[PDB]
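Chains as they are written, first to last, in the deposited numbering: chain P, 197 to 204, 211 to 342; chain B, 392 to 451, 458 to 634, 656 to 731; chain V, 100 to 147; chain F, 3 to 150; chain S, 3 to 150; chain R, 876 to 924; chain H, 878 to 926. Heads up, the beta-carbon is just placed ideally off N, CA and C, and yes, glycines get one too.
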Amino acid sequence: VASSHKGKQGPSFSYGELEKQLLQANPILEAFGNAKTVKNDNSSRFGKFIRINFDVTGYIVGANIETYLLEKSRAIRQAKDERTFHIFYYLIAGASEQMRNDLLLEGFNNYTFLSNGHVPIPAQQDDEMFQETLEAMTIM
Amino acid sequence: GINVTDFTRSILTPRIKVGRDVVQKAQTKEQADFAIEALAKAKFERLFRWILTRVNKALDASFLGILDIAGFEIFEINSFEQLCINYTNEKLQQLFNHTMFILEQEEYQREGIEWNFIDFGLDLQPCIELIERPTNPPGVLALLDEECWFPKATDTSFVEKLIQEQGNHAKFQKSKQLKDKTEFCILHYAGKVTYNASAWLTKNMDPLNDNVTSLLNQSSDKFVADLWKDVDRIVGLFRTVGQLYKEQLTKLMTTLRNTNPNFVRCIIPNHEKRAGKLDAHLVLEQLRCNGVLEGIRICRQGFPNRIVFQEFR
Amino acid sequence: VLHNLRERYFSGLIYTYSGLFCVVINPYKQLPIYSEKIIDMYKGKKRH
Amino acid sequence: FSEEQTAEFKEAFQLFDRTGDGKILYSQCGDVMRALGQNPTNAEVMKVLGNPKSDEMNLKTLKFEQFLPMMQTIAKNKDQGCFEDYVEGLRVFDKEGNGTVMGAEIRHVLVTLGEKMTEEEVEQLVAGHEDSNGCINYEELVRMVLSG
Amino acid sequence: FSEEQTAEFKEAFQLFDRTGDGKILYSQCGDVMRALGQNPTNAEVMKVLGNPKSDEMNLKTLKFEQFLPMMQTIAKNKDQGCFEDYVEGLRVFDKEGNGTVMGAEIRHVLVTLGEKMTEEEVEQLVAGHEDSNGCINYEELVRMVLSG
Amino acid sequence: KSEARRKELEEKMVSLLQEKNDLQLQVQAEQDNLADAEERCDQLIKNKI
Amino acid sequence: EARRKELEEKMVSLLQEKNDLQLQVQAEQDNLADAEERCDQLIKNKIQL
C-alpha cells in the first residue's frame, strides 16, 4: 500500500525491496522468539510494539518493532503440552548434512530441555519452515 | 567459543567474590545444576536482544505504531512474565477507554469537530495504579523492584507486602486462602486472573555464576561477545529487569498518547485454541468485558475516515 | 447488542465497525481478505 | 480553422501514423489537439470518441475527416477558464488559507481526482514551485498552468 | 607443456634478462617461476637450484633449457594451499577467535615467521585492508592473495 | 556536479527533524524521571528527619 | 556552488540543534544519575532507621 510501485494476486505479486523485508522481518522474529503454548501453538514469546515510519511524501521509510519481555522462562522446561521457541525444532529438522554435523545436530529428543518429546503443530510442518526462515534472512 | 577449560571450571569451582576479593568454592550437585540451567536459557535471551536490533537495523516525518501484545495470558501458572503482560493488556482496555471515548474525542477536539464528549463509567486506572505505581502505597511491580534487593524478603512476603499496601483497594482481590502458595487475583476487566508469586524475586533479579559469564564476555564469536558484553549486571555473593522495563514501558506507552489510536478489538470465540469454534456465552462475556454497549454509544455516532478538510475544500 | 456481534464473527466478518474501532474476533484461520486484490483495491483508497 | 493552421494540423496528423495510410490511433487525438491550441479534457474527447475502454481506446482508429471535425467540435468551446477561476480552483491546496499550497497534496489530487494523473504527470506539473516546507504560491502556479 | 604456451614462457624468461647475454641468475629464477604461473616455496626453487649459498646464488647463471626442467618439475605440483588452510593459518593470533587481528601483529608475523618478508613485501600486500580500528580482517586478505 | 549535493541536504534535514522531535520527547521524559526521583528523594530526606 | 554552501551551513546548524537537545539528554541522564543514587542511598539509610 504506502510503498513505491516497482514500476506497476492472491499472495503472488512483486513486493518492493524493503517492503518484502517488512513481511520477512516477522518470520525471522517468529523463529527467534515464538513458541507454542497450551493456548497458541504459534504463540509469541515476546510481546512487541511495531512502527511504520512514513517520510515527507509519505512512503514507508521505517519499520520499528520493539521488544519488552522475552518469556525466556520456558527455554529449559515447558509445561505439559507446550513448546519452546520454534527455531529449535526447525534446526533439527531442515538440517543439511554439512551443517547438521557443523551446528552439531543429534535428532529429536536428544535434548532434555525440549519436553513433551516433539509436539507437532497443526498445518505448519517445522521441517520446511526452517528452510523458509533461512530464505527470509537473505531477503532482509 | 568461550573458554572450554574455564566454563566447567567456573560451573564447578566459582573462583568468585565474598566481600571484595577472590573466593574459591566447589559447587554442590544442586548449586551446579541450577546455575548451568540459568546459563542455558540466558544465552537465548542475549541472542534475541541481538536479533531484534539486527532486524530493525534493516527496517529503519510520520509513523504508524502497532501493538502485538504477547497477550492476555490467563494460563494456570501465571508467573511474573504473565503479570506485566496482563498489565499492558490492562492498560490497553484503558487505552481504548482513554482513546475511542476520550483521545478519539480529543483527536476530534484537537480539531474542534462537532463532538459531544461522552463518558460511560469505564476508567480502569485504579487497577493499573495497583500494578504500576512506585511510591505512595506501592504497586505489584514496584514492591518487587524493592524486594529484589532484600534477603529477609520472600515471594511470600511479596504477596504479604501487597496485602499490606493494597487491601481495601476496589480493584484488587486477595487469593482463595492460598497463603501457603501465595497468589493474588486482581480485577482485570476480562476476568479475574490468578497470578502465583513463587520465584518472582529471582525472575525480576536474574542471578548466574558470574565466573562462566565473564568468560562468555571474553568469547571468540562476534555473536557471543556482543550478546554477553553486558556482564556487569550479574550478581555474586544491579538495577532490576522490571524497573528497566518501566524505563521502556514509558517509551511504549507515552508515544501511544502522542499517537492517534486505531483499534482492533479482539475477542476470543473459544478457550480451546480452535478454528471456527465460537461460544454463545463466551463471546457475550467479552462483549461486556471489552465494553461493546458503551463503545457503541461513542463511535456509533462517530467517524472512521479522517482526511484534512482544508485540502478537502 | 449481543445479537449484532455474536453473529458477526460467525458471518466471517471479524473486524466490526463500532465506529472507527473495529471489534475483531480472532478466527485462527486464513481469512481471504489479504491479497493484492485487497491491496490494489485498498491501495490508498477511499473508505467506502 | 484557416487552411494555413489546418496545414500545420495536417502535418500534426500526418506524422502520427501506423500502417502508413492516413490512420491515427484514438489515443493520440486529444494530445495532438492539445498541442493545437486546445486542452480538451479526456471526458470532452471521450464524448466525441464514443466511450471506448482501454482496449478499443488503444485499438480503434481515427482518419483525418474524423480527426479534424473532432478538433473543431471541441475547439469552438463552452467553459474554459481564466485567472480568476483558477486562483480559486488553485487556492485548491491552501491548508489553512495561506496564499501558498500543499506539496504532497497537489501531487495527490492529481492521482486521486477525476482524470487520474500518473505519478509522472503529477510530479511534472508541481515540482519546484514549492519552497523548503513545501508551500507552493498558487497565485503563480495558476499562471503557469494557464499559459505555456 | 605445449609449444604454444612454452613460446610464451620463453618470452617472459627472455624479458627477465639484464643485458641480452641469455643468462638469468639463480636469484631471478624464482621470479621467472612465479611470473609464468607459479607461487613456489623458496624451498621448491632451492630444491631444483641445487642448494647454493648467497655467493654462487648470485654468481651462477641459468639459461632457458636449464630452467624449463625446473619449471616443469614443480608445476604439476604436489598440494596447493586452499582458502581454508590459509585463513586458519592467519587465525592463529586472534586472541579469542573474532575473525580479526591488529594490523601491527599481522605486519610483523609475516616479517618474522616462515618465508620471512620485508616491510616492503608486507605493506603493499596488507595496507588498506585494515579497518577504522586498525584491525585487518584476515579472511579477505587470504582471498586477496588467492585471486591475484 | 553541483546539483546533487543540494537536493539531498534538503531532505536529510527532514530526517534530522524526525530525530529532533523525539529528542525533545526524551528531554520531556528524562525531566519527568528526574522529578519522579527528586520527589522520591525529597520524601526520603524528609522521612529520614 | 555557492548556493549549495549556504544550505551546508544550514545543515550544520540543525546538526548543532540536534546536539543541544542530545546534550540536554546527556545532561538529564546524569542529573538523574545523582538523583537515582540518592534515593537508593536513602532507602538503605531508611532500612536501618
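Beta-carbon separation (whole angstroms), residue i vs residue j, contact threshold 8 Å
| i | j | result |
| --- | --- | --- |
| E501 of chain B | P722 of chain B | No, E501 of chain B and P722 of chain B are not in contact; Cβ-Cβ is about 11 Å, not under 8 Å. |
| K25 of chain S | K65 of chain S | 6 Å |
| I323 of chain P | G309 of chain P | No, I323 of chain P and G309 of chain P are not in contact; Cβ-Cβ is about 18 Å, not under 8 Å. |
| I528 of chain B | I583 of chain B | 7 Å |
| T75 of chain F | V50 of chain F | 5 Å |
| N922 of chain H | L909 of chain R | Contact flag wrong, Cβ pair sits at about 20 Å. |
| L220 of chain P | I254 of chain P | That pair is no contact at about 11 Å. |
| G713 of chain B | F120 of chain V | 7 Å |
C-alpha gap between residue i and residue j, whole angstroms
| i | j | result |
| --- | --- | --- |
| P213 of chain P | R302 of chain P | 33 Å |
| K626 of chain B | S199 of chain P | 38 Å |
| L605 of chain B | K416 of chain B | 15 Å |
| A297 of chain P | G392 of chain B | 21 Å |
| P71 of chain S | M48 of chain S | 14 Å |
| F287 of chain P | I252 of chain P | 21 Å |
| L306 of chain P | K97 of chain S | 24 Å |
| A449 of chain B | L443 of chain B | 10 Å |
| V632 of chain B | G203 of chain P | 57 Å |
| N60 of chain S | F18 of chain S | 15 Å |
| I138 of chain F | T115 of chain V | 41 Å |
| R507 of chain B | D897 of chain R | 20 Å |
| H201 of chain P | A693 of chain B | 36 Å |
| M104 of chain F | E504 of chain B | 22 Å |
| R279 of chain P | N100 of chain S | 32 Å |
| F727 of chain B | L115 of chain F | 15 Å |
| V414 of chain B | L403 of chain B | 13 Å |
| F15 of chain F | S29 of chain F | 13 Å |
| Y88 of chain F | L667 of chain B | 52 Å |
| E470 of chain B | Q479 of chain B | 6 Å |
| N513 of chain B | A904 of chain H | 44 Å |
| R881 of chain R | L884 of chain H | 7 Å |
| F11 of chain S | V124 of chain S | 28 Å |
| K62 of chain F | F460 of chain B | 47 Å |
| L541 of chain B | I924 of chain H | 16 Å |
Residue from the options whose Cα sits closest to the Cα of residue i
| i | options | result |
| --- | --- | --- |
| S110 of chain V | B:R718, B:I393, B:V628 and B:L696 | B:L696 |
| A77 of chain S | S:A37, S:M59 and S:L115 | S:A37 |
| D283 of chain P | P:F215, P:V258 and P:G319 | P:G319 |
| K274 of chain P | P:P322, P:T239, P:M339 and P:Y261 | P:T239 |
| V682 of chain B | B:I725, B:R675, B:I466 and B:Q422 | B:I466 |
| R400 of chain B | B:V609, B:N688 and B:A693 | B:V609 |
| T419 of chain B | B:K432, B:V413, B:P405 and B:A431 | B:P405 |
| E580 of chain B | B:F569, B:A594 and B:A567 | B:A594 |
| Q82 of chain S | S:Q40, S:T8, S:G32 and S:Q126 | S:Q40 |
| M342 of chain P | P:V321, P:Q326 and P:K222 | P:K222 |
Exposed unless 16 or more other CB atoms sit within 10 angstroms - verdict on residue i
| i | result |
| --- | --- |
| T102 of chain S | buried |
| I482 of chain B | buried |
| residue 160 of chain F | Residue 160 of chain F lies beyond the residue range present for chain F, which begins at 3 and ends at 150; the question has no answer from this structure. |
| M35 of chain F | buried |
| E5 of chain S | exposed |
| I725 of chain B | exposed |
| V94 of chain S | exposed |
| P42 of chain S | buried |
| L316 of chain P | buried |
| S56 of chain S | exposed |
| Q226 of chain P | buried |
| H689 of chain B | exposed |
State whether the region 515 to 522 of chain B contacts the region 481 to 496 of chain B, with contact taken as three or more CB pairs (one from each stretch) at a distance under 8 Å.
yes
Using 8 Å as the cut-off, can you tell me whether the region 894 to 901 of chain R makes contact with the region 888 to 902 of chain H, which would need three or more C-beta pairs spanning the two stretches below that distance?
yes
Can you find at least 3 beta carbon pairs, one from the region 422 to 442 of chain B and one from the region 667 to 677 of chain B, that sit closer than 8 Å?
no
Per the contact definition of three or more C-beta pairs closer than 8 Å, is the region 694 to 709 of chain B in contact with the region 570 to 590 of chain B?
yes
With a threshold of 8 Å, are at least 3 pairs of Cβ atoms found where one atom belongs to the region 260 to 269 of chain P and the other to the region 243 to 251 of chain P?
yes
Three or more C-beta pairs closer than 8 Å, one from the region 537 to 554 of chain B and one from the region 428 to 436 of chain B: is that the case here?
no
Kindly confirm or deny that the region 904 to 924 of chain R and the region 912 to 921 of chain H touch, where touching means at least three C-beta pairs closer than 8 Å.
yes
Give a yes or no on contact between the region 562 to 570 of chain B and the region 527 to 543 of chain B, applying the rule of three or more CB pairs nearer than 8 Å.
yes
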